[PDB]
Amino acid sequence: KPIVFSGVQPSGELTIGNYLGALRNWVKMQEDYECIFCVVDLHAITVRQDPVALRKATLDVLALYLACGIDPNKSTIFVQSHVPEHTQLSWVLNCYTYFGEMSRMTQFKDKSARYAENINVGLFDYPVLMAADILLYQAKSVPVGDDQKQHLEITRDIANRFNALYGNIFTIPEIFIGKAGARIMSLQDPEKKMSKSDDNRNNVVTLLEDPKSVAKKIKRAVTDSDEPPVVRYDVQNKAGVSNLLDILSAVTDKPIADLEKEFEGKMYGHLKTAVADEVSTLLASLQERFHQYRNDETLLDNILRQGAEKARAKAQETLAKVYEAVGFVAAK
C-alpha cells in the first residue's frame, strides 16, 4: 500500500469545505493507501499561541478527524511533538539545506510582513521541519494546498541532495492529486474557496457550528440580483447561487440538475432553507460523534499512544539510516 502523509494544523475550525472536499475522500483512501495523519503542534508555535487553547485545539482536531471516520486501526494518527525523530531529522536536514533556499520562501516573506513583531527562527526553518515530517515515513505522496507547494518542492530538493551524497535513503515524495470532492466556495466571496483561516466568519460554516448559527450564515450567503430569481447553475453569472447548489448536492448526493427541477419557481430563500436544513443534518451527525470522542480523554490518550508508537517505529528505521550515513556513533 502506498504511503500518504498529511500534516494537520491544530484548530478544529475545519469547515464544510474541508469535510466535503478533502476529509470525506481521506476516509475512503484508508482501504487502499497507508495514510498518516500528523497533528503539527511544533509548526503551530511558529506563531504565538495561547497555551491552553493550543492544547484544546490539538484534542479538538483529533476528535474531529475521528468523528469524520478516520480510523486509528486503519490509519496512523499522532501528535508531531510525541515523536522526537521529527526534530532529530530536521537538524540533520538543516545542515544540508542552503540558507538562501529558506530566505527565498514566499511563506516566510508573507508571515514576516504579517507578524513583524515575531520574526522568529522557527518561522524561517518551518520548511525543513516540514521536510523532516514527510521524509521520515518514506511517503510517496503528500497532499498540499497551492500555498504549500514551494515547501513540498524544497523537500524533494533536500531529499535528492542527501541521496546524491549518501545513497537512496529517502523516497522522493510527489504531490497527491485527489479524487477531488465538492467545490465549496466562500459564502460572501464566491470567487474564493472557503478557508479555515479566513477573518470574515460569514464566509465559512464550521463543522462544530450551531444549527441556528448555520442558518444565519446561509441566510446571508451572497446571491445575485437576477429578476425574477432563478435557481440555476452558472458559475460565471450566478456564483452565489451555484455555490449553494454545490453545497446542497454534496450533502444530499442529489445531482445538480435534479435540484434545479426541485427549485423551479422558488425564491433564493427556499434554497437557503434547504441548504441550512441539510447542512445542519450532516453536522448534527458529525457533532454527536465528536462529542463522544472529545469527552472520552482516556480513549484519546490511548489513540495517541498507539499512534505515536506506530509512528516512532517507522521514523526510527529512516533516522537510523541517516545517522549511520552522516557518521554518528549508533546508540547501543
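In case it trips you up, residue 1 is the first one in the sequence shown, and so on.
If you average the CA temperature factors as listed in the entry, which stretch comes out higher, 323 to 331 or 4 to 12?
Higher mean C-alpha B-factor in the PDB entry: 4 to 12.
Between 59 to 67 and 284 to 292, point out the one with the higher average CA B-factor as the PDB entry records it.
That would be 284 to 292.
Would you mind checking which of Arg104, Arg220, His151, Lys140 has the top Cα temperature factor in the PDB entry?
In the PDB entry, the greatest C-alpha B-factor among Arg104, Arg220, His151, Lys140 is found at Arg220.
Just grab whichever of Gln88, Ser75, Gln188, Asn120 has the top CA B-factor as deposited.
The listed residue with the largest C-alpha B-factor is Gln188.
Could you look up the Cα B-factor of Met267 in the entry and say which third of the chain it sits in: lowest, middle or highest?
Within its chain, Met267 is a highest-third residue by C-alpha B-factor, going by the deposited values.
When the deposited Cα B-factors of this chain's modelled residues are ordered and cut into thirds, is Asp157 in the lowest, the middle or the highest one?
Answer is lowest: the recorded C-alpha B-factor places it there.
Report the third (lowest, middle or highest) to which the CA temperature factor of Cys95 belongs, ranking only the modelled residues of the same chain.
It falls in the bottom third of the chain.
Using the B-factor values recorded in the entry, state whether the Cα atom of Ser249 falls in the lowest, middle or highest third among the modelled residues of its chain.
Its C-alpha B-factor belongs to the middle third of this chain's values.
C-alpha B factor of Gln80, ranked within the chain: lowest, middle or highest third?
As the PDB entry reports it, the C-alpha B-factor of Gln80 lands in the lowest third of its chain.
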